[PDB]
Amino acid sequence: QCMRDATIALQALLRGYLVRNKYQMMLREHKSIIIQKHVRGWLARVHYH
Amino acid sequence: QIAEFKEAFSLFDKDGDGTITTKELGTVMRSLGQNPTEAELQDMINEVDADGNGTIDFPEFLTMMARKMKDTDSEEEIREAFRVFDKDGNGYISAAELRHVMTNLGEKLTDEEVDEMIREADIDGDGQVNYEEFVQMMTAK
Amino acid sequence: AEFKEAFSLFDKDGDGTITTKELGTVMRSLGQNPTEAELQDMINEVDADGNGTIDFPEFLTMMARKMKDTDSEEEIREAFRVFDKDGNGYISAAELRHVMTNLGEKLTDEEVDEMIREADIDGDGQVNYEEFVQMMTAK
Amino acid sequence: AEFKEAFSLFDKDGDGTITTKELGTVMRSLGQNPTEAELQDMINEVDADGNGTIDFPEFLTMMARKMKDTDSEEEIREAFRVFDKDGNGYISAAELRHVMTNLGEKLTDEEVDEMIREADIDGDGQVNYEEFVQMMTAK
Numbered sequence: 836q837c838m839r840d841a842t843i844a845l846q847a848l849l850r851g852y853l854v855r856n857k858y859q860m861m862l863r864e865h866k867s868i869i870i871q872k873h874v875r876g877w878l879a880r881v882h883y884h
Numbered sequence: 008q009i010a011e012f013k014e015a016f017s018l019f020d021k022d023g024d025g026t027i028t029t030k031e032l033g034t035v036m037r038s039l040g041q042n043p044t045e046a047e048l049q050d051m052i053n054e055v056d057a058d059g060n061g062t063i064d065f066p067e068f069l070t071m072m073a074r075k076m077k078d079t080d081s082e083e084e085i086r087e088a089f090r091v092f093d094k095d096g097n098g099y100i101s102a103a104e105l106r107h108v109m110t111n112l113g114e115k116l117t118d119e120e121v122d123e124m125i126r127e128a129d130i131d132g133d134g135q136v137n138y139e140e141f142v143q144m145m146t147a148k
Numbered sequence: 010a011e012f013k014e015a016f017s018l019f020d021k022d023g024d025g026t027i028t029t030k031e032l033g034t035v036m037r038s039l040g041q042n043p044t045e046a047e048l049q050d051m052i053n054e055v056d057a058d059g060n061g062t063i064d065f066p067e068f069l070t071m072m073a074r075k076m077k078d079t080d081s082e083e084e085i086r087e088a089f090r091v092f093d094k095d096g097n098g099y100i101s102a103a104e105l106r107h108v109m110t111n112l113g114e115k116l117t118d119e120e121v122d123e124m125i126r127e128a129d130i131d132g133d134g135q136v137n138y139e140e141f142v143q144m145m146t147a148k
Numbered sequence: 010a011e012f013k014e015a016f017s018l019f020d021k022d023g024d025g026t027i028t029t030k031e032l033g034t035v036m037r038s039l040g041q042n043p044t045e046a047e048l049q050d051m052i053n054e055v056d057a058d059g060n061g062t063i064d065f066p067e068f069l070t071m072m073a074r075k076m077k078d079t080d081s082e083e084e085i086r087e088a089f090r091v092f093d094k095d096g097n098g099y100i101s102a103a104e105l106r107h108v109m110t111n112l113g114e115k116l117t118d119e120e121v122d123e124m125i126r127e128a129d130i131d132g133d134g135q136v137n138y139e140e141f142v143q144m145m146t147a148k
């Protein structure tokens, strides 16, 4: 029982770690997208500046 | 608090409808910080409201978290754990042995979950893992 | 944010229409920041299938249909990472190039090289990202 | 009390079989409480004579054949003696060790030395055996 409880804690924690990594990676991509986008708003800079 | 969690919620909302699928309750809890078992999620996904619901708003979820807060907090305590495969007390276990414990014992994880985990776990050139460091990384938060 | 005057500077011929592939640049000359994806989705959700050019009325109808998404691209005034967790305030030039040229709607290395001209770099090899984001946008 | 999941924690390899000598520990993992003798009798009443391992079907058939004797071992909740006759409620650590390591299906001295860790002992040299039986089981 104690070995099984130690394994369930390990895989609950692993499942809680994985989603946080997957979220963190998604945030890194999403962060790139919204900066890449704001820089390509500088068509403005070509057009009037 | 609620600002980081709202940005997490706004990332789970994909459609932009204000509401995430009820199936993604246990990933949203885990994304915020908590570890919950998928039994604990079933025992608090049931309701008469959210049991009937197909999707859940951020006010609903915040209400669920307030109701179950103690149980939800109890999932974040675990920093120490013990595991054999090592009998000799090297401090190390192979990636094969780690996969066997995770996928063949307990609740059972998938191989894709284990393959995902070994993208944020140090593994040496021998193919072994310091399990004391690995427990510290997984509990790190 | 429709502007007939801005359209008249894209129309260089006085035909009344502009090429369908200058749709992204016209939005980002008006105000609007839409993603290259968002630009493709707005064209694809109209049967502008065979359309080689767009008139000002057609462009007006697309912006009115998509006003909510398009407005969202001009709310943002600040820009956190999620590439510093230590809270040093610094990021390596290597990580900064990698996010720009490997993640999302990838910049070219030549575009990134342009953005690191006149950007200070320490002896660790790190750049103040708060100054770098301000220096890119506040221009 | 058959449990396939418990069998899958005894099978580690995933061969579908477990050693015939892990039969007592698997029954006891499940919930049952059979003697080492009853475990041998259960094996010996099948021509598993030459069998080195058991599959889950074989183990299922044995538990079904012997359900009545095996169930009996999880009825009991209280335990008397027959060591005490005075009815003092006390037994010497010497007599307690002797019944454990010399009678029946003998425990090792190292097993008994584990169970007398944290067990109070008076100046006569006697232990409350009611507390000692409760402390072993109620844990």
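Residue numbers (the authors' numbering), protein chains in the order written: chain M, 836 to 884; chain Q, 8 to 148; chain R, 10 to 148; chain P, 10 to 148.
Beta carbons are placed, not taken as given, at the ideal position from N, Cα and C, and that holds for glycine.
Taking a cut-off of 8 Å on C-beta distances, the stretch 25-35 of chain P does not touch the stretch 128-147 of chain R, as fewer than three cross pairs fall below it. The beta carbon of residue 41 of chain Q sits closer than 8 Å to some beta carbon of chain M. Taking C-beta atoms under 8 Å as the contact rule, residue 125 of chain R and residue 102 of chain R qualify, at a distance of about 7 Å. Collapsing the DSSP output to three states places residue 26 of chain P in a strand.
Among the residues facing chain R, residue 836 of chain M is not included, as its CB has no counterpart in that chain under 8 Å away. CA-to-CA, the gap between residue 117 of chain P and residue 82 of chain Q works out to about 40 Å. The continuous alpha helix (DSSP H) containing residue 121 of chain P extends over residues 118-124. Just measuring C-alpha positions, the residue of R:73, R:84, R:65 sitting nearest residue 869 of chain M is R:84. Interface with chain P (8 Å Cβ-Cβ cutoff): residue 112 of chain Q is included.
Cβ-Cβ distances below 6 Å link residue 93 of chain Q to 100 in the same chain, with the five nearest sequence neighbours on each side left out; the list follows chain order. Residue 20 of chain P counts as buried, since at least 16 other C-beta atoms from the protein chains shown sit within 10 angstroms of its C-beta. Residue environment for residue 35 of chain R: buried (at least 16 other C-beta atoms within 10 angstroms of its C-beta). C-alpha of residue 23 of chain Q to C-alpha of residue 865 of chain M: approximately 15 Å in a straight line. Using a Cβ-Cβ cut-off of 8 Å, residue 854 of chain M counts as an interface residue toward chain Q, since at least one Cβ of chain Q sits closer than that to its own.
Distance from the CA of residue 141 of chain R to the CA of residue 77 of chain R, rounded to the nearest whole angstrom, comes to 29 Å.
Straight-line measurement puts the Cα of residue 27 of chain P at about 38 Å from the Cα of residue 104 of chain P.
Residues of the stretch 861-879 of chain M that bring their beta carbon within less than 8 Å of a beta carbon in chain R comprise 862, 863, 864, 865, 866, 867, 868, 869, 870, 871, 872, 873, 874, 875, 876, 877, 878, 879, in sequence order. Between the alpha carbons of residue 69 of chain R and residue 63 of chain R lies a gap of roughly 10 Å. The DSSP-derived three-state label of residue 883 of chain M is coil. The alpha-carbon of residue 67 of chain P is positioned some 37 Å away from that of residue 48 of chain Q. Chain-order list of chain Q residues neighbouring residue 858 of chain M: 15, 18, 38, by C-beta distance under 8 Å.
Contacts with chain Q at 8 Å (Cβ-Cβ) do not include residue 96 of chain P.
It is roughly 21 Å from the alpha-carbon of residue 143 of chain Q to the alpha-carbon of residue 112 of chain Q. Counting only the Cα atoms, residue 37 of chain Q lies some 8 Å from residue 852 of chain M. Proximity of chain M to residue 116 of chain R at the Cβ level (cut-off 7 Å) is accounted for by 871, in chain order. Here residue 145 of chain P is exposed, its C-beta having fewer than 16 other C-beta atoms within 10 Å.
Remark: C-beta atoms of residue 96 of chain P and residue 139 of chain P do not approach each other more closely than 8 Å.
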